[PDB]
Structures are given as structure tokens and as C-alpha cells.
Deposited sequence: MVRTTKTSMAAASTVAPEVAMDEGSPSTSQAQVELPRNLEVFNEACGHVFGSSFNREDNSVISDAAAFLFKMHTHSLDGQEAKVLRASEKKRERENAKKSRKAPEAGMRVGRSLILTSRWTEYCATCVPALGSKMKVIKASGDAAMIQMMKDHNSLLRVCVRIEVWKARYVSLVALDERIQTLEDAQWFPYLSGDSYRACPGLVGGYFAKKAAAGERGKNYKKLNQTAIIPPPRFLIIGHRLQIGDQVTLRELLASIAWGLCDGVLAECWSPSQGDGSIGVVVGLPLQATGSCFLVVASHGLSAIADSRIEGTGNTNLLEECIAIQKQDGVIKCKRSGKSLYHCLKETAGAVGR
């Protein structure tokens, strides 16, 4: 009885990858979501060209992409995902035509087209959530080249324009910088670099990340923070019997998504919600990336 949001994603993944899509591996799910996102944004080879207002270089790139041979059944997308012959039918029937606007579909009154557009929007949102989680997971051990100062680190993740369009609240980068460094409308969302995003293996099944579920330290750290967040967040994970790179979540920090403040610096604490109750844990003063590097060996 999953929400239609996740049901559409599961159906699309099954139709495009068949049985090669493993619904238990985070990397496989992330790769499948990225492929579906780039398919639904009309970015794959052989798809329609983005030439509404493209410049010379962009026009040439789009023309080359259109002329380039499209992916065929049996192609390897990632490490453990293989496309199926049904991918062409799914792309032709589910992906809205380039430039389609929901207002026109609603005005037309066609129930099927309205459903298709709603499912496409939901799939874009889910895929961008998975992409943001994967970006956090990647940055936990390998930081971006553009991130040099707090000014640069304030706009992580550095996702593309479509990513920002789908999830402006979670996505950062250049377009988030533009939106923040500019006029703000009523429907303006603040970039929450630490919004809780359950791991994709949990997201695609609707499970809510909570205390008592088996996850990895990197999994939890990428769910509730990213590479340059403070290392105290590591206290939210506790190794199980024998460790084995799998532990359990003991809490989730409060004030994760929102915050406004309008010796002592290292004496700051973070609130953690535990089964017994809220506790305050002293900060460590070092970023999660640096702490993981130091504890690696």
C-alpha cells in the first residue's frame, strides 16, 4: 500500500531494468534513479534536442546528442544494471514530450495525460532526492573541487538546473545561489543542506528512517549530514555485535531542517532524540570528512 510517489518509481525501474535492478543496494538504486532522471529530462542520446534558446556551443552539443545513437537493450548503465527492450516503449509512453507544460495538459482535460504528467513530476522529485543523498554519500569521502571556503561550501550540493527545479529546498549549487542572490517570492524555499533523506533502499519502500533500523555509518551520515558537517553526528550510529560495517541508529539530531539565530565555540552542543528522551552531545569541532579520514586508519 505504498504511496503512488514510490509506486511510479518502482514501476519505472522495473520496466527499464527488468530483474537486473536490485532493490536492496544503495549504489544500484542511485544509478537507476540517475538514469531515469536523465531519461525524463530528455538528456539521453537520441532524445529530443534542447534548442529553444541554446547558444552556439549548446546548440551543437544538443544536435550531436540527438544524432548520437540512443542506448540499446543490453547496455550496461553502472555496474549491475542492464537495460531491457521495454525501455523504448516506457520512454515513448511515460516520458512527457519536451516542453510539455502541466497547465496545457490540465486545460486539455485528458485524464491519462494529467496522470502521466503527475507521475513524471513525482518521479523527478524522487530521483532528485536520491541524487542529493548520493551526492552527500560521495562527499563523505571525496569532496568537490569547487568547495574551497565556507562561501563555496554554503551551496552544496552542486547539482544541475533540473535537480534544483525538482527539489529547490534540498538542492543547492549555482541556481540556488542565483535564487538566494536575487529577489525572493512568496513561494521561496531555503536550502536545507541537512534535511533528513532516508537511504534510497529505504526511500523506494516508503520506510521512515527511525531509531532501531540497521544501517551503515556512512549511510546514516549521508542521510542526516554531508562531508563538511561536524563529526559529532557520528554519535547517531552505534555498531552492533561484531560491527561488520552494519550498526543501528540510536537517534536523529533535532533542528536538522531549520535553524535561525537572530572555549564557548567548541563548547556548543547538538540535540539528539533518543528512545529515552532528548540529550545534548558536545560538538567535536572537526568535519565528518576529516574525522572519517582520521579514523580510517
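For this chain, the deposited residues without C-alpha positions form the stretches 1-33, 296-315, 351-354, given in sequence order.
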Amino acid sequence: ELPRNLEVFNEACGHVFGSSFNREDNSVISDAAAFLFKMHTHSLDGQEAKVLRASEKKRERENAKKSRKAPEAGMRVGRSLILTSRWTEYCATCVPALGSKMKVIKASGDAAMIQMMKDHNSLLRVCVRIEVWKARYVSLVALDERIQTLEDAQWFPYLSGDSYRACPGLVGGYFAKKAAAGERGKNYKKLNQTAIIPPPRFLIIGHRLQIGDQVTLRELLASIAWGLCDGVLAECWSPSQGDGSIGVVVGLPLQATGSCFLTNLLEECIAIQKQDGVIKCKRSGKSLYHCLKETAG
From here on, numbers count along this sequence of modelled residues.
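So that the term is clear: the rigid core is the largest set of C-alpha atoms that superpose within 1.5 Å between two forms.
Relative to the shown model and aligned on the rigid core, the C-alphas in 5 other deposited structures of this protein deviate most, among 52-60 and 39-47, for 52-60. Comparing 3-11 with 288-296 in 5 other deposited structures of this protein, after superposition on the rigid core, the stretch with the greater RMS C-alpha deviation is 288-296.
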